[PDB]
Novice: 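Have a look at this one.
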Amino acid sequence: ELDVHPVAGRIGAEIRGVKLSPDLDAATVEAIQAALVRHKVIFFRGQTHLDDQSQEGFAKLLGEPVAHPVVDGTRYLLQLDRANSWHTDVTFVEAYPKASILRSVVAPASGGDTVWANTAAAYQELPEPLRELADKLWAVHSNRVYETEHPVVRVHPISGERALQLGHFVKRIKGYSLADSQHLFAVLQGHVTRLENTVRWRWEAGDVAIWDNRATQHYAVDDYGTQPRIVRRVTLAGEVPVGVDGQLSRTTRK
Amino acid sequence: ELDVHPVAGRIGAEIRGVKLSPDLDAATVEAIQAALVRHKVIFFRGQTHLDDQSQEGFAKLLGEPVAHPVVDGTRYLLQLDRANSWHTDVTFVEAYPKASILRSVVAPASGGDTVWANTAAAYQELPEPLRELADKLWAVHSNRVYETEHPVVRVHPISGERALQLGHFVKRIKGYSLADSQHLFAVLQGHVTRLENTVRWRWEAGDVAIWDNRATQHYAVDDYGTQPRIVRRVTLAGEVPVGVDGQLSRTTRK
Amino acid sequence: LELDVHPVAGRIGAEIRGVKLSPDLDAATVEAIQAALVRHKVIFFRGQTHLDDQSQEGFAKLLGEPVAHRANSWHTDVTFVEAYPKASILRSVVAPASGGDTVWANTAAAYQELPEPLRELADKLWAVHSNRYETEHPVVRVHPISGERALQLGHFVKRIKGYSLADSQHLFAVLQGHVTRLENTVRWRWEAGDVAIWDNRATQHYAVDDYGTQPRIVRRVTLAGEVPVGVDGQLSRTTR
Amino acid sequence: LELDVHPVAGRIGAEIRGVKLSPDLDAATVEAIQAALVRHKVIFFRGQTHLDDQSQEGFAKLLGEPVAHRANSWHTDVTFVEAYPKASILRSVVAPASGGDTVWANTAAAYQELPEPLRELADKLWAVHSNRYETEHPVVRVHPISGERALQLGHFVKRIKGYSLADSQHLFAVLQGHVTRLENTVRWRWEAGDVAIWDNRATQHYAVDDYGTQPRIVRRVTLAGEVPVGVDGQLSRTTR
Ligand SMILES: CCCC[C@@H](CC)COS(=O)(=O)O
Ligand SMILES: CCCC[C@@H](CC)COS(=O)(=O)O
Ligand SMILES: CCCC[C@@H](CC)COS(=O)(=O)O
Ligand SMILES: CCCC[C@@H](CC)COS(=O)(=O)O
Ligand SMILES: O=C(O)CCC(=O)C(=O)O
Ligand SMILES: O=C(O)CCC(=O)C(=O)O
Ligand SMILES: O=C(O)CCC(=O)C(=O)O
Ligand SMILES: O=C(O)CCC(=O)C(=O)O
Ligand SMILES: [Fe+2]
Ligand SMILES: [Fe+2]
Ligand SMILES: [Fe+2]
Ligand SMILES: [Fe+2]
């Protein structure tokens, strides 16, 4: 039983009384993994003891770190020093990351928030006929150099929850003209970013966020001007998405 | 066997060698009714003998004329002397007209066309998952004083063909926010008005058009300035629309 | 005075500390509050648990003239009338344990960030606002104190005057999408005793409805405002 | 000359009778054709069954300099290059019995009908056209003969320069929706031997793909055009 404090009504929770480290016991790790599946994004404040090697070793307890170049003295640590567009991380590849662990090193005095959206709540709130349509759709994601076909709805490998898989890397919905694709995307993506499905975090140096990349999107707010902002992320390797009918994503260009 | 000449690839046919009148035989009438179901809109040129009473008596052979005020010396004849918005006639009511018979009395030397769209071809061309969604949708039509709920897809009482029922009188798709309704309408209505599904007619005095209002929309082009344009229409009473599941439209405000 | 002012987001919103609101604040404090408000668009005071209905109304009276009349849709208060409120003062009486946030958007920053050709078009537009009263307001208002131009849009807008429905919808979507762009907003998570005051001339706001059946009770005093002036000096007008 | 000219739709398109096209037309006829073209945007000659490949090319040569390089999408020909064609001459060799029409839109009428604030914004926009060559063209072109302003948009447009993707899409949808509004268009049903010539500086067109496997064969000569000039006198420029 962790000290868990929900931040918004439908997503997000701060976990208190825990100091992250490469030496956490299996029970704390398990309770972290469960809070993560349930809340989609979790927050840990005052992790000021943490450093590059230590963040990477903590990460190792949650899954297998994977390269996205990297921070020096590390194998896996990525620095961001602006991602102000809604997106799920790396969906242009087949088995994109399952989770990301992000630590604030330098935090602007004003601005520099991050927002997450719960794509499983977004799916559940759709009227039934629209869920049934979403269940059937496939989208081409691209970093334009990769192009991957993913189902629009993914069945979460642990919870079994269905979640929308959309975001900035989507180039089009397969089977549809450009105009129709744009309208279908706008409806479904509009439900992901509806404010009720989101939580916004104001960072302080030493804050750590971990989110389930299988069931969120996120957005870094670029309102901080020339104030320094440095964050460091470890990303954890994920599985091939499974659609509602059991079909699997497939990379189609490389 | 009428002399039938298709005008566009997917809708519209001119019928030659026939002089419309209140005295046409059951066979000619039947062959006209069939060309109408098949082609959605049919055209008869050189009907210069026709007049108000005679148009009304011809109409009587095709169904039951119904008031939409009316042209004098007639019970049913409506004059239009500008409908430049895509629409199916009177869908704000439950049992809107099944067909309309329109005669050109004064025809601009340039401009003043009418265009029809085949809403059955529009339905058939949708990808299957989108047809399945359309099969489930209901829309509120309104003359804002009536409000009627119609299924978005109507099963044609004679052909059994499914056709989209949308157009200018739709206020919203029931069950959806305003934003989502607007996107869903734009996709489905965009397929109705796609040029391939339409036929445009340039009028000459004495031209007569008859169209199946259960499976078209139409639009009067307002490009003729102050050139006189007078047309006279008789409209024929229609049935209550049946949806794919057998549900019936219902007026909900009066 | 120099107030203890702590900006919340980069382009809007500031918490003011070391002030206990009351009907007895001095002219200097009230002036410094009015200035922070103009500057930051929405300002927050925490720990105002001594405050009550009568006391909120008396404090409000120092900032302007109070005026009689789940909001999860972006809006500027009462823009369906001619001289809609200049400001609102909102106190949290009961705050849900999770959810129940309010977001504000800075419509002056939204205007300034438009490319120049787009700002010029905005400066010419008028919109019809309605509570279906119907009032015509300029899409761009010149703020009577700062002279800052701000977009006047939101949920009460029925159409942009002089355009087809389709064009109106596209034009509204561009300008309103700038207002609600995350960069121009601030989200506040309420605690009982928090008070927010915002400049209704240069914001919109949205009450997030993510708290289910948790109790939530807030009390608002609204302050009377002026008739909007457009960039060319024309005035808003009620038409129905 | 005074040609026998019969307008097809109210705002674009005219059939010219009593003329048999050929490489031997006199300067007066050619001038009167050039004038009808400028005025009506697209002109039609029926019954040109004597014409053949060599004869079409020779006739074309009287109207400008010929230039080497199912189109059911609205477009202006080759706008992905700097000096795209000023005109095209198109002959129907085989015409399907039903379907196979072509539609043209008058982009000068589309510009003129915009409300004034919208025309002013259009006069400032630039767009990137691409055949994915990438060329920057002004959204509004000043026609080198008539001085008429016309919208330069259509299927080759990738984005409006200086705007986000979402804004670009809204702005393109408003301006392009005016181009394709039915009132600004004319649809021609072809017969073998019909010839259409259009002013590619002030139109778009669309070939309707409703004829299935019916044979359809058309032959086009295209005439070289100038670099577009915007309202401020800037020039289009290829950038990739
Ligand atoms: C602007 C959107 C890009 C977001 C980036 C941050 C550099 C996230 O990259 S990702 O790991 O490939 O998803
Ligand atoms: C502008 C759209 C209205 C179209 C009208 C013509 C007056 C058709 O009226 S209808 O018979 O109620 O459908
Ligand atoms: C749904 C948004 C409407 C907001 C209402 C609350 C019912 C209050 O705002 S106001 O009428 O502009 O003062
Ligand atoms: C789909 C529209 C493209 C039109 C092509 C035909 C493949 C011709 O137009 S052009 O390249 O601008 O000359
Ligand atoms: O900068 C942030 O807050 C998040 C950036 C981002 O998208 C990521 O690291 O996945
Ligand atoms: O004026 C026309 O061509 C048709 C007008 C119309 O919509 C109708 O009569 O149903
Ligand atoms: O309940 C809120 O948070 C704001 C509601 C609202 O729109 C108002 O009080 O003006
Ligand atoms: O085939 C047509 O009708 C026109 C095709 C086309 O776009 C062209 O020739 O420029
Ligand atoms: Fe990311
Ligand atoms: Fe009609
Ligand atoms: Fe409000
Ligand atoms: Fe072309």
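Chain identifiers are assigned alphabetically (A, B, ...) following the order of the sequence lines, protein sequences preceding nucleic acid strands; residue numbering begins at 1 within each chain. Whatever order the structure lists ligands and atoms in, that order sets their numbers, starting from 1. Values reported hereafter were calculated over all heavy atoms of this structure, with side chains retained and with hydrogens, waters and symmetry mates removed.
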Novice: Below 4.0 angstrom from a heavy atom of A/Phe92, which ligand 1 atoms are there? Numbered from 1 as shown, please.
Specialist: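 Under 4.0 Å from A/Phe92, ligand 1 has these atoms: 12 (O).
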Novice: Working to 10°, measure the angle at the Fe ion (ligand 12) formed by atom OD1 of D/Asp77 and atom NE2 of D/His205.
Specialist: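 With the Fe ion (ligand 12) as the vertex, the angle is close to 90°.
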Novice: Under a 3.5 Å cutoff, is there a donor and acceptor pairing between the side chains of C/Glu113 and C/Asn184?
Specialist: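 There is such a pair between these side chains.
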Novice: Would A/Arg202 and A/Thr114 count as having a side-chain donor-acceptor pair, cut-off 3.5 Å?
Specialist: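 Judged by distance alone, the side chains do not pair up.
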Novice: Determine the interplanar angle of the A/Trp86 and A/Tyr219 rings, folded into 0 to 90°, and report it as parallel if under 30°, tilted if 30 to 60°, perpendicular if over 60°.
Specialist: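 The arrangement is tilted - the two ring planes meet at 30° to 60°.
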Novice: Could you tell me whether A/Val90 and ligand 1 have an N or O pair separated by under 3.5 Å?
Specialist: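 Such a contact does occur with ligand 1.
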Novice: Step through it carefully: locate the ring centre of A/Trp211, locate the ring centre of A/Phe43, and say whether they are under 6.0 Å apart.
Specialist: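 No, the ring of A/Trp211 stays outside the 6.0 Å limit from the ring of A/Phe43, centre to centre.
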Novice: Does A/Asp89, backbone or side chain, put an N or O under 3.5 Å from an N or O of ligand 1?
Specialist: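 There is such a contact, yes.
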Novice: Consider every N or O of A/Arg233 and every N or O of ligand 1, then say whether any pair is closer than 3.5 Å.
Specialist: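 Between A/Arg233 and ligand 1, an N or O pair is found under 3.5 Å apart.
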Novice: If every non-hydrogen atom of A/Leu20 is compared with every non-hydrogen atom of A/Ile32, which pair is closest and at what distance?
Specialist: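 Smallest interatomic distance, heavy atoms only, reads CD2-CD1, 4.2 Å.
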Novice: Suppose I only count heavy atoms of A/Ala83 and a 4.0 Å limit; which atoms of ligand 1 are within that range?
Specialist: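 Near A/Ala83, meaning under 4.0 Å from one of its heavy atoms, ligand 1 has 1 (C), 4 (C), 6 (C).
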